[PDB]
Amino acid sequence: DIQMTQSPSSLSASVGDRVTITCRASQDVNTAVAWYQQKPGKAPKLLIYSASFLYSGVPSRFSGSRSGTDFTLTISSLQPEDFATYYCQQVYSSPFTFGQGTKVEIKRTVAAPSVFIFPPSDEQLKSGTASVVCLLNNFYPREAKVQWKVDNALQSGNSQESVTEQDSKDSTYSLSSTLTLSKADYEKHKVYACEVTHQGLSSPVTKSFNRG
Amino acid sequence: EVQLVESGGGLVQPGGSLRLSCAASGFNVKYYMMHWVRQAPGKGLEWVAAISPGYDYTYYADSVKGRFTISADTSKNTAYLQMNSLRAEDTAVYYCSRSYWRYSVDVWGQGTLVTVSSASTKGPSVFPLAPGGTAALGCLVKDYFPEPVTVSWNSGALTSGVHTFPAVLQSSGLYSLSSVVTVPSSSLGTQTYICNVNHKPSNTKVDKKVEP
């Protein structure tokens, strides 16, 4: 089986920049190599066919070249919407193998998060469980530290993070931290705080509430 | 329209069988090579199988050989993936795709989600996240299986400033997610905010009003 080794696994580039993405085939595959773009939630779209031919309706920014067993996908000028995983594929011999992919992120200005905290609803507590939700809205870059403190004790292994895909129009991120407790655990403490550290804040931002 | 339409996915028990269908429009499959490609959630593209219906000749990844059978009926313009001995590993969006001769694959279907799990269907519990002049509010969609779930706001009327987070698998083996929206604070008793939650797999439509 032929391996397509794709470099790099991830990259961050500003709009306007040239981007180079590499596939090394472990054997001769002639030109029978193609490049696909896959946006979040979507099927891949063909960009470059037969190693160097631009597929219909695809912007001229996208180009493909071959040097023996090495294949190169180039974006001339990024664009905020080019946020996607790029894969190459070989159709020379079965199995018709895919690269591991390259996640392209758009680099932009630092933007601090708006921080909001939401106490558990009455309804949930009556269900017998307590979920506390901390929102970090519209920030760049992705790297953000969220810490939970109940009665000013740092918590661990009781929060789950989830983060939107980069906005295709303004390249920001939003993130949720959700602290989940028993009703009894929720009602034996008074103070609930998420403390946010991010490059756009001069100092950590804490949003908190007291039950009641 | 040149198009591929996958069907037959859904939630299935480990050890069971599932027949996927790939219905071709705008071309006859006799003259094309038809492929199955899968994506485990968050992972890359793995090529699975291919068939040339005009010659009955078949290709399989070792990962599925013996267990899976790719076939086609040119009189139904449809290719099939018969999946047997299903494993958790086989949980993936299954895409079918078309290639001509030794040319690269050009058209992809939308994909069909196959979830392999012994865990029962479970509708979400929906709970409010009660609220310069911008306020945040949302709903926690908690304790559902399997994926996916849709959230809209104000029956799709409110789209601007909405972030539906990706689901996270909690330790109980149920998913949970928050949809959040940033609105003007002036409208907290003016405008009512409802989130519409559709969990099609459990046939659960839930509408929850959120207000202070």
# chains A, B, ... in the order shown; residues from 1 in each chain; ligands from 1
call {"tool": "residues_around", "arguments": {"residues": "residue B:197", "least_positions_apart": "2", "cutoff": "8 Å", "atoms": "only C-alpha atoms", "output": "PDB file with N, CA and C atoms, in the first residue's frame"}}
result
ATOM      1  N   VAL B 126     -33.666  20.076  27.634  1.00  0.00           N
ATOM      2  CA  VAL B 126     -33.359  21.487  27.267  1.00  0.00           C
ATOM      3  C   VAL B 126     -33.671  22.438  28.433  1.00  0.00           C
ATOM      4  N   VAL B 141     -28.452  21.965  25.917  1.00  0.00           N
ATOM      5  CA  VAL B 141     -29.091  20.757  25.334  1.00  0.00           C
ATOM      6  C   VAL B 141     -28.333  19.582  25.909  1.00  0.00           C
ATOM      7  N   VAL B 149     -27.980  16.746  16.682  1.00  0.00           N
ATOM      8  CA  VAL B 149     -29.069  17.632  17.160  1.00  0.00           C
ATOM      9  C   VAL B 149     -28.950  18.985  16.423  1.00  0.00           C
ATOM     10  N   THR B 150     -30.106  19.595  16.117  1.00  0.00           N
ATOM     11  CA  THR B 150     -30.179  20.965  15.555  1.00  0.00           C
ATOM     12  C   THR B 150     -30.814  21.909  16.582  1.00  0.00           C
ATOM     13  N   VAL B 151     -30.230  23.085  16.692  1.00  0.00           N
ATOM     14  CA  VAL B 151     -30.773  24.209  17.475  1.00  0.00           C
ATOM     15  C   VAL B 151     -30.881  25.359  16.506  1.00  0.00           C
ATOM     16  N   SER B 152     -32.048  25.970  16.516  1.00  0.00           N
ATOM     17  CA  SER B 152     -32.247  27.298  15.898  1.00  0.00           C
ATOM     18  C   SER B 152     -32.844  28.236  16.938  1.00  0.00           C
ATOM     19  N   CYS B 195     -35.382  28.903  21.993  1.00  0.00           N
ATOM     20  CA  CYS B 195     -34.571  27.985  21.167  1.00  0.00           C
ATOM     21  C   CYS B 195     -35.362  26.714  20.792  1.00  0.00           C
ATOM     22  N   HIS B 199     -34.023  16.751  17.971  1.00  0.00           N
ATOM     23  CA  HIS B 199     -33.163  15.542  18.057  1.00  0.00           C
ATOM     24  C   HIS B 199     -33.827  14.436  17.226  1.00  0.00           C
ATOM     25  N   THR B 204     -37.600  13.888  19.110  1.00  0.00           N
ATOM     26  CA  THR B 204     -37.808  14.902  20.177  1.00  0.00           C
ATOM     27  C   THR B 204     -37.615  16.293  19.577  1.00  0.00           C
ATOM     28  N   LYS B 205     -38.708  17.006  19.339  1.00  0.00           N
ATOM     29  CA  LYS B 205     -38.723  18.474  19.163  1.00  0.00           C
ATOM     30  C   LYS B 205     -39.069  19.139  20.509  1.00  0.00           C
ATOM     31  N   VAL B 206     -38.162  19.967  21.049  1.00  0.00           N
ATOM     32  CA  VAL B 206     -38.387  20.729  22.306  1.00  0.00           C
ATOM     33  C   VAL B 206     -38.099  22.198  22.015  1.00  0.00           C
ATOM     34  N   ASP B 207     -39.009  23.069  22.454  1.00  0.00           N
ATOM     35  CA  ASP B 207     -38.943  24.552  22.336  1.00  0.00           C
ATOM     36  C   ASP B 207     -38.887  25.154  23.739  1.00  0.00           C
TER      37      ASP B 207
END
call {"tool": "residues_around", "arguments": {"residues": "residue A:16", "least_positions_apart": "4", "cutoff": "10 Å", "atoms": "only C-alpha atoms", "output": "ChimeraX atom specification"}}
result
/A:75-80
call {"tool": "residues_around", "arguments": {"residues": "residue B:174", "least_positions_apart": "5", "cutoff": "7 Å", "atoms": "only C-alpha atoms", "output": "PyMOL selection string"}}
result
chain B and resi 143-145+169
call {"tool": "residues_around", "arguments": {"residues": "stretch 202-212 of chain A", "least_positions_apart": "5", "cutoff": "8 Å", "atoms": "only C-alpha atoms", "output": "PyMOL selection string"}}
result
chain A and resi 115-117+119+187+189-197
call {"tool": "interface_residues", "arguments": {"of": "chain A", "to": "chain B", "cutoff": "9 Å", "atoms": "only C-alpha atoms", "output": "number ranges by chain"}}
result
A: 32-34, 42-47, 49-50, 55, 85, 87, 89-92, 94-101, 116-124, 131, 133, 135, 137, 160-165, 174-176
call {"tool": "residues_around", "arguments": {"residues": "residue B:191", "least_positions_apart": "6", "cutoff": "12 Å", "atoms": "only C-alpha atoms", "output": "PyMOL selection string"}}
result
chain B and resi 154+158+183-185+209-212
call {"tool": "write_last_selection", "arguments": {"atoms": "C-alpha atoms", "output": "PDB file, in the first residue's frame"}}
result
ATOM      1  CA  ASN B 154     -36.915  32.134  17.184  1.00  0.00           C
ATOM      2  CA  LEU B 158     -32.555  34.988  14.769  1.00  0.00           C
ATOM      3  CA  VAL B 183     -28.317  40.271  21.693  1.00  0.00           C
ATOM      4  CA  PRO B 184     -29.030  43.894  22.739  1.00  0.00           C
ATOM      5  CA  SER B 185     -29.758  44.125  26.531  1.00  0.00           C
ATOM      6  CA  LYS B 209     -38.417  30.139  26.195  1.00  0.00           C
ATOM      7  CA  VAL B 210     -35.405  31.806  27.912  1.00  0.00           C
ATOM      8  CA  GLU B 211     -35.908  35.102  29.793  1.00  0.00           C
ATOM      9  CA  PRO B 212     -34.531  36.604  33.048  1.00  0.00           C
TER      10      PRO B 212
END
call {"tool": "select_by_dssp", "arguments": {"residues": "stretch 108-171 of chain B", "states": "strand (DSSP E or B)", "output": "PyMOL selection string"}}
result
chain B and resi 108+112-116+122+125-129+134-145+150-153+158+162-164+168-169
call {"tool": "select_by_dssp", "arguments": {"residues": "chain A", "states": "alpha helix (DSSP H)", "output": "list in words"}}
result
residues 122, 123, 124, 125, 126, 127, 183, 184, 185, 186 and 187 of chain A
call {"tool": "closest_residue", "arguments": {"among": "B:76, B:208, B:30, B:38", "to": "residue B:55", "atoms": "only C-alpha atoms"}}
result
B:30
call {"tool": "decode", "arguments": {"residues": "stretch 62-197 of chain B", "atoms": "C-alpha atoms", "output": "mmCIF file, in the first residue's frame"}}
result
data_model
loop_
_atom_site.group_PDB
_atom_site.id
_atom_site.type_symbol
_atom_site.label_atom_id
_atom_site.label_comp_id
_atom_site.auth_asym_id
_atom_site.auth_seq_id
_atom_site.Cartn_x
_atom_site.Cartn_y
_atom_site.Cartn_z
ATOM 1 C CA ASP B 62 -7.808 -4.460 4.631
ATOM 2 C CA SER B 63 -9.657 -2.601 7.435
ATOM 3 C CA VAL B 64 -13.058 -3.866 5.930
ATOM 4 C CA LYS B 65 -12.142 -6.885 3.691
ATOM 5 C CA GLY B 66 -14.399 -9.941 4.412
ATOM 6 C CA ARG B 67 -16.759 -7.815 6.641
ATOM 7 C CA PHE B 68 -17.925 -5.274 4.026
ATOM 8 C CA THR B 69 -19.136 -5.897 0.431
ATOM 9 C CA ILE B 70 -19.237 -3.090 -2.153
ATOM 10 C CA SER B 71 -21.706 -3.797 -5.017
ATOM 11 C CA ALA B 72 -23.741 -1.983 -7.726
ATOM 12 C CA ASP B 73 -26.872 -2.378 -9.868
ATOM 13 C CA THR B 74 -26.492 -0.438 -13.165
ATOM 14 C CA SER B 75 -30.305 -0.882 -13.738
ATOM 15 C CA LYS B 76 -30.860 1.029 -10.410
ATOM 16 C CA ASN B 77 -27.953 3.505 -11.049
ATOM 17 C CA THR B 78 -27.036 2.807 -7.386
ATOM 18 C CA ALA B 79 -23.929 1.469 -5.551
ATOM 19 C CA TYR B 80 -24.138 -0.240 -2.144
ATOM 20 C CA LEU B 81 -21.942 -0.813 0.895
ATOM 21 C CA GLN B 82 -23.108 -3.870 2.861
ATOM 22 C CA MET B 83 -21.402 -3.468 6.289
ATOM 23 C CA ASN B 84 -21.348 -6.592 8.610
ATOM 24 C CA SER B 85 -19.667 -7.382 11.979
ATOM 25 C CA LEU B 86 -19.963 -3.625 12.704
ATOM 26 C CA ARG B 87 -17.535 -2.226 15.310
ATOM 27 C CA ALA B 88 -17.306 1.065 17.290
ATOM 28 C CA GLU B 89 -14.262 1.769 14.965
ATOM 29 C CA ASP B 90 -16.770 1.819 11.989
ATOM 30 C CA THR B 91 -18.619 4.840 13.465
ATOM 31 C CA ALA B 92 -18.206 7.484 10.713
ATOM 32 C CA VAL B 93 -19.850 9.711 8.130
ATOM 33 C CA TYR B 94 -19.907 7.401 5.069
ATOM 34 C CA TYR B 95 -19.441 9.301 1.737
ATOM 35 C CA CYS B 96 -19.804 7.778 -1.763
ATOM 36 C CA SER B 97 -17.928 9.387 -4.701
ATOM 37 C CA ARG B 98 -17.374 9.059 -8.468
ATOM 38 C CA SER B 99 -14.175 8.661 -10.565
ATOM 39 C CA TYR B 100 -13.908 8.298 -14.399
ATOM 40 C CA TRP B 101 -11.241 5.787 -15.672
ATOM 41 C CA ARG B 102 -7.883 6.600 -13.893
ATOM 42 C CA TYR B 103 -8.866 10.299 -13.430
ATOM 43 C CA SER B 104 -9.305 11.528 -9.817
ATOM 44 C CA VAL B 105 -12.685 11.556 -7.890
ATOM 45 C CA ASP B 106 -14.637 14.753 -8.827
ATOM 46 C CA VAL B 107 -18.177 14.395 -7.274
ATOM 47 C CA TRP B 108 -18.957 13.567 -3.558
ATOM 48 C CA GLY B 109 -22.343 12.835 -1.869
ATOM 49 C CA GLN B 110 -23.528 14.685 1.328
ATOM 50 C CA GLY B 111 -22.606 11.579 3.468
ATOM 51 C CA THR B 112 -24.706 9.483 5.947
ATOM 52 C CA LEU B 113 -23.798 9.168 9.624
ATOM 53 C CA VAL B 114 -23.338 5.507 10.868
ATOM 54 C CA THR B 115 -23.160 5.307 14.711
ATOM 55 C CA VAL B 116 -22.163 1.873 16.048
ATOM 56 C CA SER B 117 -23.148 1.564 19.748
ATOM 57 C CA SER B 118 -25.254 -0.680 22.048
ATOM 58 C CA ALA B 119 -26.469 2.512 23.863
ATOM 59 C CA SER B 120 -30.191 3.396 23.583
ATOM 60 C CA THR B 121 -31.696 6.423 21.783
ATOM 61 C CA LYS B 122 -32.214 9.322 24.283
ATOM 62 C CA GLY B 123 -33.891 12.704 23.665
ATOM 63 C CA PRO B 124 -32.208 15.846 25.063
ATOM 64 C CA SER B 125 -33.247 17.740 28.201
ATOM 65 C CA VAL B 126 -33.359 21.487 27.267
ATOM 66 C CA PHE B 127 -32.702 24.130 29.980
ATOM 67 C CA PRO B 128 -32.405 27.919 29.792
ATOM 68 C CA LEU B 129 -29.156 29.917 30.219
ATOM 69 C CA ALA B 130 -30.906 33.091 31.430
ATOM 70 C CA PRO B 131 -29.345 36.468 30.466
ATOM 71 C CA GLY B 132 -21.264 47.605 25.688
ATOM 72 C CA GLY B 133 -25.087 47.054 25.684
ATOM 73 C CA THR B 134 -24.673 43.389 24.421
ATOM 74 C CA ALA B 135 -26.103 40.484 26.577
ATOM 75 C CA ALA B 136 -25.654 36.689 26.111
ATOM 76 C CA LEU B 137 -28.303 33.956 26.592
ATOM 77 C CA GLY B 138 -28.831 30.399 25.365
ATOM 78 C CA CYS B 139 -29.967 26.859 26.137
ATOM 79 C CA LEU B 140 -28.084 23.808 27.458
ATOM 80 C CA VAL B 141 -29.091 20.757 25.334
ATOM 81 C CA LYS B 142 -28.113 17.937 27.738
ATOM 82 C CA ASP B 143 -27.954 14.124 27.833
ATOM 83 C CA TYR B 144 -28.812 12.984 24.261
ATOM 84 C CA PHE B 145 -27.716 10.056 22.061
ATOM 85 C CA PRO B 146 -26.849 9.699 19.323
ATOM 86 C CA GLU B 147 -25.661 12.743 17.275
ATOM 87 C CA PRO B 148 -26.893 14.866 15.649
ATOM 88 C CA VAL B 149 -29.069 17.632 17.160
ATOM 89 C CA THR B 150 -30.179 20.965 15.555
ATOM 90 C CA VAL B 151 -30.773 24.209 17.475
ATOM 91 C CA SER B 152 -32.247 27.298 15.898
ATOM 92 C CA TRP B 153 -33.485 30.537 17.505
ATOM 93 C CA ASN B 154 -36.915 32.134 17.184
ATOM 94 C CA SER B 155 -37.847 29.460 14.540
ATOM 95 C CA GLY B 156 -34.782 30.488 12.414
ATOM 96 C CA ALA B 157 -35.661 34.259 12.537
ATOM 97 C CA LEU B 158 -32.555 34.988 14.769
ATOM 98 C CA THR B 159 -29.163 33.915 13.216
ATOM 99 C CA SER B 160 -26.786 36.865 13.880
ATOM 100 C CA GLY B 161 -24.455 36.409 16.872
ATOM 101 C CA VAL B 162 -25.484 32.694 17.355
ATOM 102 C CA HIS B 163 -22.838 30.053 18.356
ATOM 103 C CA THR B 164 -24.054 26.432 18.667
ATOM 104 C CA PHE B 165 -21.055 24.628 20.186
ATOM 105 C CA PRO B 166 -19.977 21.196 18.980
ATOM 106 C CA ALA B 167 -21.367 18.376 21.212
ATOM 107 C CA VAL B 168 -19.045 16.884 23.805
ATOM 108 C CA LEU B 169 -19.406 13.242 24.890
ATOM 109 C CA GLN B 170 -19.854 13.367 28.714
ATOM 110 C CA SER B 171 -18.560 10.445 30.912
ATOM 111 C CA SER B 172 -22.146 8.982 31.143
ATOM 112 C CA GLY B 173 -21.799 8.317 27.345
ATOM 113 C CA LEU B 174 -24.421 10.949 26.442
ATOM 114 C CA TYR B 175 -23.680 14.117 24.402
ATOM 115 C CA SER B 176 -24.360 17.670 25.591
ATOM 116 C CA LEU B 177 -23.968 21.129 24.003
ATOM 117 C CA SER B 178 -24.898 24.817 24.450
ATOM 118 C CA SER B 179 -26.293 27.172 21.784
ATOM 119 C CA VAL B 180 -25.632 30.786 22.768
ATOM 120 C CA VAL B 181 -26.685 34.163 21.179
ATOM 121 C CA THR B 182 -25.376 37.736 21.877
ATOM 122 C CA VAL B 183 -28.317 40.271 21.693
ATOM 123 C CA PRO B 184 -29.030 43.894 22.739
ATOM 124 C CA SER B 185 -29.758 44.125 26.531
ATOM 125 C CA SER B 186 -32.641 46.602 25.794
ATOM 126 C CA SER B 187 -34.813 43.598 24.563
ATOM 127 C CA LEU B 188 -34.837 41.326 27.723
ATOM 128 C CA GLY B 189 -38.581 42.013 28.375
ATOM 129 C CA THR B 190 -39.257 43.419 24.817
ATOM 130 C CA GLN B 191 -38.264 40.427 22.638
ATOM 131 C CA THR B 192 -38.882 36.820 23.741
ATOM 132 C CA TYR B 193 -36.094 34.350 22.898
ATOM 133 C CA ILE B 194 -37.077 30.667 22.221
ATOM 134 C CA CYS B 195 -34.571 27.985 21.167
ATOM 135 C CA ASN B 196 -35.926 25.217 18.893
ATOM 136 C CA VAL B 197 -34.170 21.867 19.506
#
